[PDB]
Structure formats: C-alpha cells, structure tokens
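For reference, the structure is listed below as structure tokens.
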Amino acid sequence: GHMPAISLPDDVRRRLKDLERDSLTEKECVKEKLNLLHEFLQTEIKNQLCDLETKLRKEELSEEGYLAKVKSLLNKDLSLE
C-alpha cells in the first residue's frame with residue numbers, strides 16, 4: 001500500500017462496542033467477526049476458511065486449531081491494508 005486509507009466503518013465499529021457489553025464469546029466472536037469483516041473482505045478469504053472446515057470434517061484439525069488459526073488469519077488480512 002502506497003497510501004492505504006481503508007478501515008472498518010465507524011457505524012460498524014460502534015456495534016462491536018455495544019456487543020462487548022452484551023459479553024461475546026470466543027466462538028461467538030468468530031461468527032460475528034467473520035460476517036462483519038466479510039462485508040469488506042473478498043470471498044477468496046472465506047474460501048481459505050472453507051478448506052479448514054474440511055479438516056474439521058476429516059478430524060485432521062483440532063477444534064482449538066480452527067478457532068486459533070481463524071483468529072490469526074483475520075488479523076493478517078487486515079495487516080495487509
């Protein structure tokens with residue numbers, strides 16, 4: 001990025017703050033975070049996630065593996081800017 005200037009909308013961000021009060025959860029965070037970020041993340045991102053689901057279905061990946069792997073990817077995508 002020569003000069004990036006894209007970041008989550010202020011209206012969206014406010015919703016997360018309200019959610020924080022309602023007390024989210026690890027599993028709940030991924031479901032909400034995925035759909036929200038998706039609105040700004042291309043489907044090619046969801047595609048990467050789809051392959052992981054296959055591992056969950058073949059019992060090759062740990063439950064916490066997907067939960068912990070998913071988080072990092074979300075942050076990595078935003079770090080690109």
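Ordered as shown in the structure tokens, chains take letters A, B, and onward, while each chain numbers its residues from 1 and ligands are numbered from 1 in the order shown.
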Report the residues of region 5-79 of chain A whose backbone DSSP state falls under alpha helix (DSSP H), written as a PDB file with N, CA and C atoms, in the first residue's frame.
ATOM      1  N   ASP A  10     -17.155   3.545  10.965  1.00  0.00           N
ATOM      2  CA  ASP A  10     -17.422   3.982  12.333  1.00  0.00           C
ATOM      3  C   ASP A  10     -18.754   3.424  12.835  1.00  0.00           C
ATOM      4  N   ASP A  11     -19.758   3.309  11.954  1.00  0.00           N
ATOM      5  CA  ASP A  11     -21.056   2.768  12.364  1.00  0.00           C
ATOM      6  C   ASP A  11     -20.918   1.303  12.768  1.00  0.00           C
ATOM      7  N   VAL A  12     -20.117   0.547  12.006  1.00  0.00           N
ATOM      8  CA  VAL A  12     -19.903  -0.872  12.306  1.00  0.00           C
ATOM      9  C   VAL A  12     -19.194  -0.990  13.660  1.00  0.00           C
ATOM     10  N   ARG A  13     -18.080  -0.274  13.776  1.00  0.00           N
ATOM     11  CA  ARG A  13     -17.256  -0.299  14.987  1.00  0.00           C
ATOM     12  C   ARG A  13     -18.085  -0.051  16.248  1.00  0.00           C
ATOM     13  N   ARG A  14     -19.021   0.901  16.184  1.00  0.00           N
ATOM     14  CA  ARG A  14     -19.866   1.212  17.349  1.00  0.00           C
ATOM     15  C   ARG A  14     -20.657  -0.019  17.793  1.00  0.00           C
ATOM     16  N   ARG A  15     -21.101  -0.816  16.818  1.00  0.00           N
ATOM     17  CA  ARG A  15     -21.885  -2.022  17.114  1.00  0.00           C
ATOM     18  C   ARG A  15     -21.070  -3.008  17.954  1.00  0.00           C
ATOM     19  N   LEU A  16     -19.786  -3.162  17.614  1.00  0.00           N
ATOM     20  CA  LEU A  16     -18.899  -4.078  18.341  1.00  0.00           C
ATOM     21  C   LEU A  16     -18.778  -3.648  19.805  1.00  0.00           C
ATOM     22  N   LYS A  17     -18.688  -2.332  20.021  1.00  0.00           N
ATOM     23  CA  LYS A  17     -18.570  -1.785  21.375  1.00  0.00           C
ATOM     24  C   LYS A  17     -19.797  -2.172  22.195  1.00  0.00           C
ATOM     25  N   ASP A  18     -20.979  -2.092  21.574  1.00  0.00           N
ATOM     26  CA  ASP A  18     -22.223  -2.476  22.249  1.00  0.00           C
ATOM     27  C   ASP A  18     -22.216  -3.975  22.534  1.00  0.00           C
ATOM     28  N   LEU A  19     -21.709  -4.749  21.564  1.00  0.00           N
ATOM     29  CA  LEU A  19     -21.629  -6.202  21.703  1.00  0.00           C
ATOM     30  C   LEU A  19     -20.736  -6.571  22.886  1.00  0.00           C
ATOM     31  N   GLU A  20     -19.638  -5.829  23.035  1.00  0.00           N
ATOM     32  CA  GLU A  20     -18.686  -6.055  24.110  1.00  0.00           C
ATOM     33  C   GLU A  20     -19.381  -6.002  25.481  1.00  0.00           C
ATOM     34  N   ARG A  21     -20.413  -5.157  25.600  1.00  0.00           N
ATOM     35  CA  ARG A  21     -21.176  -5.038  26.832  1.00  0.00           C
ATOM     36  C   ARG A  21     -22.032  -6.295  27.035  1.00  0.00           C
ATOM     37  N   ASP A  22     -22.684  -6.721  25.954  1.00  0.00           N
ATOM     38  CA  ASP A  22     -23.538  -7.913  25.988  1.00  0.00           C
ATOM     39  C   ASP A  22     -22.723  -9.163  26.350  1.00  0.00           C
ATOM     40  N   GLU A  26     -15.609 -16.518  22.558  1.00  0.00           N
ATOM     41  CA  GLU A  26     -14.607 -16.897  21.557  1.00  0.00           C
ATOM     42  C   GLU A  26     -15.287 -17.383  20.276  1.00  0.00           C
ATOM     43  N   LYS A  27     -16.134 -18.407  20.414  1.00  0.00           N
ATOM     44  CA  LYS A  27     -16.855 -18.974  19.270  1.00  0.00           C
ATOM     45  C   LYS A  27     -17.805 -17.944  18.657  1.00  0.00           C
ATOM     46  N   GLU A  28     -18.474 -17.180  19.525  1.00  0.00           N
ATOM     47  CA  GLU A  28     -19.427 -16.150  19.088  1.00  0.00           C
ATOM     48  C   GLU A  28     -18.718 -15.003  18.365  1.00  0.00           C
ATOM     49  N   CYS A  29     -17.490 -14.722  18.794  1.00  0.00           N
ATOM     50  CA  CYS A  29     -16.696 -13.648  18.214  1.00  0.00           C
ATOM     51  C   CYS A  29     -16.337 -13.963  16.770  1.00  0.00           C
ATOM     52  N   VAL A  30     -15.957 -15.213  16.518  1.00  0.00           N
ATOM     53  CA  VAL A  30     -15.568 -15.631  15.170  1.00  0.00           C
ATOM     54  C   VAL A  30     -16.763 -15.513  14.212  1.00  0.00           C
ATOM     55  N   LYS A  31     -17.941 -15.982  14.648  1.00  0.00           N
ATOM     56  CA  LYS A  31     -19.138 -15.927  13.800  1.00  0.00           C
ATOM     57  C   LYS A  31     -19.515 -14.479  13.458  1.00  0.00           C
ATOM     58  N   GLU A  32     -19.495 -13.593  14.463  1.00  0.00           N
ATOM     59  CA  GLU A  32     -19.831 -12.177  14.245  1.00  0.00           C
ATOM     60  C   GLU A  32     -18.725 -11.458  13.470  1.00  0.00           C
ATOM     61  N   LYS A  33     -17.480 -11.683  13.889  1.00  0.00           N
ATOM     62  CA  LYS A  33     -16.321 -11.056  13.274  1.00  0.00           C
ATOM     63  C   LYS A  33     -16.191 -11.449  11.799  1.00  0.00           C
ATOM     64  N   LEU A  34     -16.454 -12.722  11.492  1.00  0.00           N
ATOM     65  CA  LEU A  34     -16.342 -13.201  10.111  1.00  0.00           C
ATOM     66  C   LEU A  34     -17.313 -12.479   9.180  1.00  0.00           C
ATOM     67  N   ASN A  35     -18.598 -12.469   9.542  1.00  0.00           N
ATOM     68  CA  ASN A  35     -19.622 -11.837   8.706  1.00  0.00           C
ATOM     69  C   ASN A  35     -19.396 -10.331   8.563  1.00  0.00           C
ATOM     70  N   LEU A  36     -19.025  -9.661   9.662  1.00  0.00           N
ATOM     71  CA  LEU A  36     -18.784  -8.217   9.610  1.00  0.00           C
ATOM     72  C   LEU A  36     -17.624  -7.918   8.662  1.00  0.00           C
ATOM     73  N   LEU A  37     -16.470  -8.534   8.937  1.00  0.00           N
ATOM     74  CA  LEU A  37     -15.274  -8.318   8.121  1.00  0.00           C
ATOM     75  C   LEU A  37     -15.517  -8.734   6.668  1.00  0.00           C
ATOM     76  N   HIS A  38     -16.339  -9.768   6.472  1.00  0.00           N
ATOM     77  CA  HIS A  38     -16.651 -10.274   5.138  1.00  0.00           C
ATOM     78  C   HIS A  38     -17.151  -9.140   4.232  1.00  0.00           C
ATOM     79  N   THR A  43     -14.527 -12.786  -0.992  1.00  0.00           N
ATOM     80  CA  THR A  43     -14.916 -14.172  -0.720  1.00  0.00           C
ATOM     81  C   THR A  43     -13.695 -15.099  -0.750  1.00  0.00           C
ATOM     82  N   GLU A  44     -12.631 -14.693  -1.461  1.00  0.00           N
ATOM     83  CA  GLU A  44     -11.410 -15.507  -1.518  1.00  0.00           C
ATOM     84  C   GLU A  44     -10.892 -15.782  -0.101  1.00  0.00           C
ATOM     85  N   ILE A  45     -11.275 -14.920   0.848  1.00  0.00           N
ATOM     86  CA  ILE A  45     -10.877 -15.084   2.244  1.00  0.00           C
ATOM     87  C   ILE A  45     -11.686 -16.222   2.863  1.00  0.00           C
ATOM     88  N   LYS A  46     -13.002 -16.189   2.625  1.00  0.00           N
ATOM     89  CA  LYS A  46     -13.899 -17.224   3.115  1.00  0.00           C
ATOM     90  C   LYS A  46     -13.496 -18.573   2.514  1.00  0.00           C
ATOM     91  N   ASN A  47     -12.968 -18.517   1.283  1.00  0.00           N
ATOM     92  CA  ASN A  47     -12.514 -19.719   0.595  1.00  0.00           C
ATOM     93  C   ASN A  47     -11.427 -20.386   1.432  1.00  0.00           C
ATOM     94  N   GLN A  48     -10.451 -19.587   1.906  1.00  0.00           N
ATOM     95  CA  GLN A  48      -9.366 -20.138   2.726  1.00  0.00           C
ATOM     96  C   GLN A  48      -9.959 -20.855   3.939  1.00  0.00           C
ATOM     97  N   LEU A  49     -10.971 -20.226   4.543  1.00  0.00           N
ATOM     98  CA  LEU A  49     -11.646 -20.790   5.709  1.00  0.00           C
ATOM     99  C   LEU A  49     -12.353 -22.096   5.353  1.00  0.00           C
ATOM    100  N   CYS A  50     -12.912 -22.170   4.139  1.00  0.00           N
ATOM    101  CA  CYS A  50     -13.639 -23.368   3.707  1.00  0.00           C
ATOM    102  C   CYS A  50     -12.760 -24.609   3.749  1.00  0.00           C
ATOM    103  N   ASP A  51     -11.496 -24.464   3.345  1.00  0.00           N
ATOM    104  CA  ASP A  51     -10.572 -25.598   3.331  1.00  0.00           C
ATOM    105  C   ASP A  51     -10.347 -26.115   4.749  1.00  0.00           C
ATOM    106  N   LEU A  52     -10.266 -25.196   5.715  1.00  0.00           N
ATOM    107  CA  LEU A  52     -10.058 -25.582   7.112  1.00  0.00           C
ATOM    108  C   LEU A  52     -11.236 -26.428   7.597  1.00  0.00           C
ATOM    109  N   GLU A  53     -12.449 -26.038   7.187  1.00  0.00           N
ATOM    110  CA  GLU A  53     -13.663 -26.766   7.563  1.00  0.00           C
ATOM    111  C   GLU A  53     -13.544 -28.236   7.145  1.00  0.00           C
ATOM    112  N   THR A  54     -12.893 -28.473   6.005  1.00  0.00           N
ATOM    113  CA  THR A  54     -12.683 -29.826   5.500  1.00  0.00           C
ATOM    114  C   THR A  54     -11.867 -30.636   6.508  1.00  0.00           C
ATOM    115  N   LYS A  55     -10.867 -29.984   7.114  1.00  0.00           N
ATOM    116  CA  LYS A  55     -10.028 -30.637   8.120  1.00  0.00           C
ATOM    117  C   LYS A  55     -10.880 -31.023   9.332  1.00  0.00           C
ATOM    118  N   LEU A  56     -11.800 -30.125   9.712  1.00  0.00           N
ATOM    119  CA  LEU A  56     -12.708 -30.378  10.844  1.00  0.00           C
ATOM    120  C   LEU A  56     -13.608 -31.567  10.543  1.00  0.00           C
ATOM    121  N   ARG A  57     -13.921 -31.732   9.262  1.00  0.00           N
ATOM    122  CA  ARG A  57     -14.774 -32.807   8.799  1.00  0.00           C
ATOM    123  C   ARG A  57     -13.989 -34.118   8.640  1.00  0.00           C
ATOM    124  N   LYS A  58     -12.663 -34.026   8.450  1.00  0.00           N
ATOM    125  CA  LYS A  58     -11.817 -35.221   8.351  1.00  0.00           C
ATOM    126  C   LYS A  58     -11.152 -35.507   9.718  1.00  0.00           C
ATOM    127  N   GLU A  63     -10.147 -28.720  17.313  1.00  0.00           N
ATOM    128  CA  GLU A  63     -11.211 -27.728  17.429  1.00  0.00           C
ATOM    129  C   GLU A  63     -10.588 -26.376  17.729  1.00  0.00           C
ATOM    130  N   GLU A  64      -9.676 -26.349  18.708  1.00  0.00           N
ATOM    131  CA  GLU A  64      -8.971 -25.117  19.064  1.00  0.00           C
ATOM    132  C   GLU A  64      -8.045 -24.681  17.927  1.00  0.00           C
ATOM    133  N   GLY A  65      -7.693 -25.633  17.049  1.00  0.00           N
ATOM    134  CA  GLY A  65      -6.823 -25.344  15.915  1.00  0.00           C
ATOM    135  C   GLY A  65      -7.519 -24.367  14.980  1.00  0.00           C
ATOM    136  N   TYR A  66      -8.748 -24.705  14.618  1.00  0.00           N
ATOM    137  CA  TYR A  66      -9.570 -23.868  13.745  1.00  0.00           C
ATOM    138  C   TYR A  66      -9.860 -22.525  14.430  1.00  0.00           C
ATOM    139  N   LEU A  67     -10.229 -22.609  15.706  1.00  0.00           N
ATOM    140  CA  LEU A  67     -10.553 -21.412  16.493  1.00  0.00           C
ATOM    141  C   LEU A  67      -9.348 -20.475  16.610  1.00  0.00           C
ATOM    142  N   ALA A  68      -8.159 -21.050  16.802  1.00  0.00           N
ATOM    143  CA  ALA A  68      -6.935 -20.255  16.951  1.00  0.00           C
ATOM    144  C   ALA A  68      -6.346 -19.853  15.594  1.00  0.00           C
ATOM    145  N   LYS A  69      -6.462 -20.743  14.606  1.00  0.00           N
ATOM    146  CA  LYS A  69      -5.958 -20.471  13.254  1.00  0.00           C
ATOM    147  C   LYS A  69      -6.781 -19.369  12.590  1.00  0.00           C
ATOM    148  N   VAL A  70      -8.101 -19.455  12.757  1.00  0.00           N
ATOM    149  CA  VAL A  70      -9.017 -18.486  12.154  1.00  0.00           C
ATOM    150  C   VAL A  70      -8.690 -17.070  12.633  1.00  0.00           C
ATOM    151  N   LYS A  71      -8.539 -16.891  13.946  1.00  0.00           N
ATOM    152  CA  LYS A  71      -8.258 -15.575  14.502  1.00  0.00           C
ATOM    153  C   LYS A  71      -7.054 -14.930  13.813  1.00  0.00           C
ATOM    154  N   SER A  72      -5.903 -15.604  13.857  1.00  0.00           N
ATOM    155  CA  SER A  72      -4.679 -15.058  13.269  1.00  0.00           C
ATOM    156  C   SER A  72      -4.900 -14.595  11.820  1.00  0.00           C
ATOM    157  N   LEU A  73      -5.537 -15.428  10.985  1.00  0.00           N
ATOM    158  CA  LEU A  73      -5.776 -15.070   9.588  1.00  0.00           C
ATOM    159  C   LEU A  73      -6.522 -13.726   9.496  1.00  0.00           C
ATOM    160  N   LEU A  74      -7.563 -13.555  10.320  1.00  0.00           N
ATOM    161  CA  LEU A  74      -8.356 -12.321  10.280  1.00  0.00           C
ATOM    162  C   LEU A  74      -7.455 -11.108  10.490  1.00  0.00           C
ATOM    163  N   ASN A  75      -6.582 -11.194  11.492  1.00  0.00           N
ATOM    164  CA  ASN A  75      -5.651 -10.104  11.792  1.00  0.00           C
ATOM    165  C   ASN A  75      -4.646  -9.913  10.653  1.00  0.00           C
ATOM    166  N   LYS A  76      -4.176 -11.030  10.090  1.00  0.00           N
ATOM    167  CA  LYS A  76      -3.195 -10.989   8.998  1.00  0.00           C
ATOM    168  C   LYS A  76      -3.752 -10.268   7.777  1.00  0.00           C
ATOM    169  N   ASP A  77      -5.021 -10.529   7.459  1.00  0.00           N
ATOM    170  CA  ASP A  77      -5.659  -9.898   6.301  1.00  0.00           C
ATOM    171  C   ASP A  77      -5.715  -8.382   6.477  1.00  0.00           C
ATOM    172  N   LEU A  78      -6.090  -7.937   7.681  1.00  0.00           N
ATOM    173  CA  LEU A  78      -6.181  -6.500   7.970  1.00  0.00           C
ATOM    174  C   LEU A  78      -4.794  -5.850   7.982  1.00  0.00           C
ATOM    175  N   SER A  79      -3.779  -6.605   8.421  1.00  0.00           N
ATOM    176  CA  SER A  79      -2.410  -6.083   8.486  1.00  0.00           C
ATOM    177  C   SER A  79      -1.890  -5.703   7.097  1.00  0.00           C
TER     178      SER A  79
END
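Take CA of residue 8 (chain A) and CA of residue 24 (chain A): the distance between them is 18.9 Å.
Our summary of the geometry notes that CA of residue 9 (chain A) is positioned 21.5 Å from CA of residue 23 (chain A).
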Polymer residues at most 12 Å from residue 2 (chain A), only C-alpha atoms, same-chain spacing of 3 or more positions, as a PDB file with N, CA, C and O atoms, in the first residue's frame:
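Full text of part.pdb as output:
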ATOM      1  N   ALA A   5      -5.996   3.749   3.145  1.00  0.00           N
ATOM      2  CA  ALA A   5      -6.919   4.585   3.912  1.00  0.00           C
ATOM      3  C   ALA A   5      -8.265   3.877   4.077  1.00  0.00           C
ATOM      4  O   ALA A   5      -9.322   4.514   4.137  1.00  0.00           O
ATOM      5  N   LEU A  80      -2.404  -6.375   6.062  1.00  0.00           N
ATOM      6  CA  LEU A  80      -2.005  -6.094   4.688  1.00  0.00           C
ATOM      7  C   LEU A  80      -2.373  -4.655   4.326  1.00  0.00           C
ATOM      8  O   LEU A  80      -1.591  -3.938   3.699  1.00  0.00           O
ATOM      9  N   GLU A  81      -3.578  -4.240   4.736  1.00  0.00           N
ATOM     10  CA  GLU A  81      -4.068  -2.885   4.459  1.00  0.00           C
ATOM     11  C   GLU A  81      -4.100  -2.628   2.951  1.00  0.00           C
ATOM     12  O   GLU A  81      -4.219  -1.476   2.564  1.00  0.00           O
TER      13      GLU A  81
END
